[PDB]
Amino acid sequence: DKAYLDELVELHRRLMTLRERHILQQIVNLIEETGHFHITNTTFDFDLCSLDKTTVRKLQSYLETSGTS
Amino acid sequence: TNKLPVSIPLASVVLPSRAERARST
């Protein structure tokens, strides 16, 4: 069960440097519709541990973009 | 630290919550 956390660390770390606004929009709207978020004065903060199992598979997928061709 | 907070400038994204219907807790 120590693997789960890892899935959060890597994502977290990557997200911290991630700039692809194309994804930040997808993810945000994802955890946003859920409600597991807390917006402050002027910023968007969220915890990776607040992700749902079924939502985690969708979270990691976004970053794992690709190209069908 | 079973928590990983990630802050994203609202300028970099768009939060859909303009004409909200109702909070209700």
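Here is what the cut-offs are and how they apply
Residues numbered from 1 in each chain as written, not as in the entry; some residues may be left out. Chains lettered and ligands numbered in written order. Heavy atoms only, no water. Axes fitted to C-alpha atoms, helices over the stretch in contact; angles between N-to-C directions. Helix = DSSP H or I, 4+ residues; strand = E, 2+ residues; numbered from the N terminus. Parallel < 35°, antiparallel > 145°, perpendicular 65-115°, else oblique. Contact = heavy atoms within 4.5 Å. Nonpolar A, V, L, I, M, F, W, Y, C, P; charged D, E, K, R; others polar. Pairing = 2+ DSSP bridges. Buried area = accessible area lost by both parts, 1.4 Å probe. Salt bridge = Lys/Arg side-chain N within 4 Å of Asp/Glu carboxyl O. Polar contact = N/O pair within 3.5 Å; in protein donor to acceptor, adjacent residues only side chain to side chain.

Listed as the method for this PDB entry is solution NMR.

A. Region of the structure containing the packing of helix α2 (residues 21-34) of chain A against helix α3 (residues 53-63) of chain A. All names here are of chain A. Orientation of α2 relative to α3, taken along the N-to-C sense of each, is 170 degrees, at an axis distance of 9 Å. Overall, the two elements α2 and α3 adopt an arrangement that is roughly antiparallel. Between α2, through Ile23, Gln26, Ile27, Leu30 and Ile31, and α3, the contact on the second element is made entirely by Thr55, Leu59, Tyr62 and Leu63. Here the residues of the contact of α2 with α3 sort into 7 nonpolar, 2 polar and no charged.

B. Layout of the sheet that holds strand β1 (residues 38-40) of chain A. Here we have 3 strands laid out as an open sheet, ordered β1(A)-β2(A)-β1(B), and antiparallel in their pairing. Every interior strand has two partners, whereas the edge strands, β1 of chain A together with β1 (5-7) of chain B, have only one. The mean angle between the axes of side-by-side strands here comes to 25 degrees, regardless of whether they run parallel or antiparallel. By the bridge criterion, 3 bridges tie β1 of chain A to strand β2 (residues 43-47) of chain A in an arrangement that is antiparallel. Counted as the bridge partner of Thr40 of chain A is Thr43 of chain A from β2 of chain A.

C. Quick peek at the interface of chain B and chain A. Taken together, the contact pairs 13 residues of chain B with 20 residues of chain A. Summed over both partners, the interface of chain B with chain A buries about 1,600 Å², with 68% contributed by carbon and sulfur atoms. Summed over the three residues of chain B that lose the most area to chain A, namely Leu4, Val6 and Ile8 of chain B, the buried surface amounts to 40% of that side. Between chain B and chain A we count 0 salt bridges in total. Inspection of the region where chain B meets chain A yields 5 residue pairs in polar contact. Classifying every residue of the side of chain B that touches chain A gives 9 nonpolar, 3 polar and 1 charged. Pairing analysis gives 3 bridges linking β2 of chain A to β1 of chain B, with the strands arranged antiparallel. Bridging across to β1 of chain B, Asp45 of chain A finds its partner in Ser7 of chain B.

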